[PDB]
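Quick setup: one chain, the form deposited in one PDB entry, written in structure tokens, and binding and motion questions come after.
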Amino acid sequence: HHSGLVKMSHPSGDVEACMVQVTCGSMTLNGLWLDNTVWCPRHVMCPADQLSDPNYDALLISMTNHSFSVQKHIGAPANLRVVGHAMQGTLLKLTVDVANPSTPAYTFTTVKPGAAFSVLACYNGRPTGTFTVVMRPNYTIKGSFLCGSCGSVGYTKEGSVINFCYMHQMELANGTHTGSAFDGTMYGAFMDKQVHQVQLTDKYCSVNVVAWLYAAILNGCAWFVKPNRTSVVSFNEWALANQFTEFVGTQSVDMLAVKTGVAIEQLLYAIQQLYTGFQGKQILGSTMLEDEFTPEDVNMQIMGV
């Protein structure tokens, strides 16, 4: 049996039309062209052989507008003249003299741990792939990024409005990734430097595990459901000692409880038992808990909400 769940990304066309290549000195990466502004990671200013631990304030002072070259490649090829530049946090804000005629309706938002978003991976200003990730509790993502991918963007969509939430910056030693929000802050405690940094400990996202167990029930797989219940308060105390996030319910989870007739508290109890072992049984083809699907994923993909 197949659960009917896949890793679903938004269609990428609207964002593809905003990607550009930004070159400065010996560095080239990707940027996002919206209206008369191009956003890109500030380490484009760094000499390619001094990425270890840069002094970005001094680099910024050394640049002028024609220190930067902005090129759009696909769709409508163009060189975009830079007429202003500024730094906000770990991003550069370049002002260009042409407004992107394909600028979508958009906002900037910050994504929260456990929430999903779509990524458009780009190299040299050319989109190459798209994938979806959940923001981990330790403010990394389990992505797929190589050299040249910085400036690739992550986003969600509400209606036709694109909510940009992530601009790629770096890989960590354990193979995970992190980046900036468009307010210029890095997610988590990370800084845009290549030297050793403490990494926070990851955790299972409890609300997503609950969503996945509801997905199992909706597929006729409920062997783990018992009358036994664990309160949210009691579960959250247990979670703190067992590398789980605390559970915070939402309307999306409530809709799953109503559809299946299985209470949240029954699945909180199930999680505590399953964490100790599946005892040879599988759930939706798996012998470990799955936290990479959201309640919204389950509502949309299975219940067609």
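All residue numbers refer to positions in the sequence shown, first residue = 1. Whichever C-alpha set is largest while still superposing within 1.5 Å between the two forms counts as the rigid core.
Novice: For at least a third of the other PDB entries compared, is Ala116 missing from the model even though its neighbours are present?
Specialist: No, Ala116 is modelled in every other compared entry.
Novice: Please check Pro77 against the other PDB entries of this protein that were compared: is it missing in at least a third of those that model both its neighbours?
Specialist: Yes, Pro77 lacks coordinates in at least a third of the other entries compared.
Novice: Per the PDB record, is the mean Cα temperature factor higher over 195-203 or over 164-172?
Specialist: The stretch with the larger average C-alpha B-factor is 195-203.
Novice: On average, which has the higher Cα B-factor in the deposited entry, 86-94 or 223-231?
Specialist: The recorded data point to 223-231.
Novice: Just the C-alpha B-factor column, please: which of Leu51, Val38, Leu29, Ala270 has the biggest number?
Specialist: It is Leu51.
Novice: Name the residue from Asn242, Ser69, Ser252, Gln266 with the greatest C-alpha temperature factor listed in the entry.
Specialist: Of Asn242, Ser69, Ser252, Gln266, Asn242 has the highest C-alpha B-factor.
Novice: Looking at the C-alpha B-factor of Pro77, is it in the lowest, middle or highest third of its chain?
Specialist: Ranked within chain, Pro77 CA B lands in the highest tercile.
Novice: Which third of the chain holds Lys259 when residues are ordered by C-alpha B factor: lowest, middle or highest?
Specialist: CA B-factor rank for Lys259: highest third.
Novice: According to the PDB entry, is the CA B factor of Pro104 in the bottom, middle or top third of its chain, that is, lowest, middle or highest?
Specialist: Within its chain, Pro104 is a middle-third residue by C-alpha B-factor, going by the deposited values.
Novice: Lowest, middle or highest third: where is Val6 by C-alpha B factor in its chain?
Specialist: As the PDB entry reports it, the C-alpha B-factor of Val6 lands in the middle third of its chain.
Novice: Taking the chain's C-alpha temperature factors as the reference, tell me which third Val44 falls into: lowest, middle or highest.
Specialist: For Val44, whose C-alpha B-factor we compare with every modelled residue in the chain, the answer is the lowest third.
Just so it is clear, the following notes concern the form deposited in another entry, a form of the same protein that is not shown.
Novice: Quick one: with the rigid core lined up, which of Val258, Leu240, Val248, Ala48 moves its CA 2 Å or more between the shown form and the other one?
Specialist: The answer here is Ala48.
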